[PDB]
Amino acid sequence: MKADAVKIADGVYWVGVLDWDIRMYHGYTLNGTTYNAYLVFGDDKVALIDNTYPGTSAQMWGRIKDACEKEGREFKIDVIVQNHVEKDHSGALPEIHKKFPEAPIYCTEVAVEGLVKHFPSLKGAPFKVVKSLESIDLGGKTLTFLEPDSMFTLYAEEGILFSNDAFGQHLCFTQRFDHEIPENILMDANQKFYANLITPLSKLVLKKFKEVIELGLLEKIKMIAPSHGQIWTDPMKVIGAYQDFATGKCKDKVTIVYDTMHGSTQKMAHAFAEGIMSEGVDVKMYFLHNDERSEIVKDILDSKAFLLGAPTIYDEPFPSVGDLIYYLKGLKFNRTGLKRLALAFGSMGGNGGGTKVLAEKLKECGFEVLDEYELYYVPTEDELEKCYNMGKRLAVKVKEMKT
């Protein structure tokens, strides 16, 4: 396939893949994504950093051949860098190794095991295990590798950090850089990526950033080139966002999620929202029947409170909540340093109990559950006024919470 490479610096090209048509990846919704791969042309050696998903290499090979032609160089890769084992970035490694079998493959020790388990044809390939802070000279360009299957690669002379999934966003535009798309789209996508993939590592993000700041390594980063989405020409913008998300900096905002069979829990959810809105607090409303866990958690990330509602069905809450609860148990939002507030609610026709389960699970997920409200069938006008008042009292507590 003929496909053009994009120059990102002198002798450095993006040779990635535009996955235009994918709509979901591991339960994360998106309007396409990219698998970013990079080609560094030293005076003596050409290095390929990461690659692409199995079966999607046609674009990558076209861009590699285009870059080599633009550089007046033969079609040859001398060094292969594999920053991560996951197949969205290593899926073409068996093809690359077959075409260039003498090119050493630089990766971590655990990555050698993971890559051969994925791709048995790589058994006996020339792996060069990196045990951190190792560097190689390409001829006027230095690549420093920093580590368990993942690592970052720094092109030292220009300060380009090949950060793999860190600082990535699932976006698929013809534009390659952060500044070429609307800021709201970029930052919303970055927020979704942090919420779904970085939240449980929040304490690690804080610990690592202080080390990097105190050592003086932050100032050596001029560009961040991740494995998905846009390339950051303003690295402090994404670093700042990660710091805010890792420390629990939230808006005066509440995320409400519910499911319903006959509509009563929906009426309650809307009534809680009216109470919250009466205090000038923002609301995001999600209906589990047709909304996505990945968008929900994006909004929980900068919300100070989270309401979850569902009716009772055979003594349990409506089962769609179990998917979100399992996902929240994995994400561990309390790792951000904040225990967001919460309320559990729902309608019932007999013994009830679903709201009691929701309250217990919200506490297990790290939320500070303030109250529960379960009612019988269709809410009366007075019961909807109770939902409003509860939402109003919650919204006052939200505004009093610092940062």
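Throughout, we count residues from 1 along the sequence that is shown.
In terms of unmodelled positions of the deposited sequence, the stretch from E147 to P148 in this entry skips 4 to 9 residues. Annotation for 42-50 versus 343-351: the higher mean temperature factor (C-alpha) is found in 42-50. Once the C-alpha B-factors are averaged per stretch, 270-278 and 216-224 rank with 216-224 first. For the set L362, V378, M60, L338, the PDB entry puts the maximum C-alpha B factor at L338. The entry assigns its greatest Cα B factor, within the set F318, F173, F245, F209, to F209. For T29, the recorded CA B-factor ranks within the lowest third of the chain. Only modelled residues enter the ranking. When the modelled residues of the chain are ordered by C-alpha B-factor, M390 sits in the lowest third.
For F167, the recorded CA B-factor ranks within the lowest third of the chain. Only modelled residues enter the ranking. Per-chain ranking of the deposited C-alpha B factor places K98 in the highest third. Among the modelled residues of the chain, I64 sits in the lowest third by CA temperature factor in this PDB entry.
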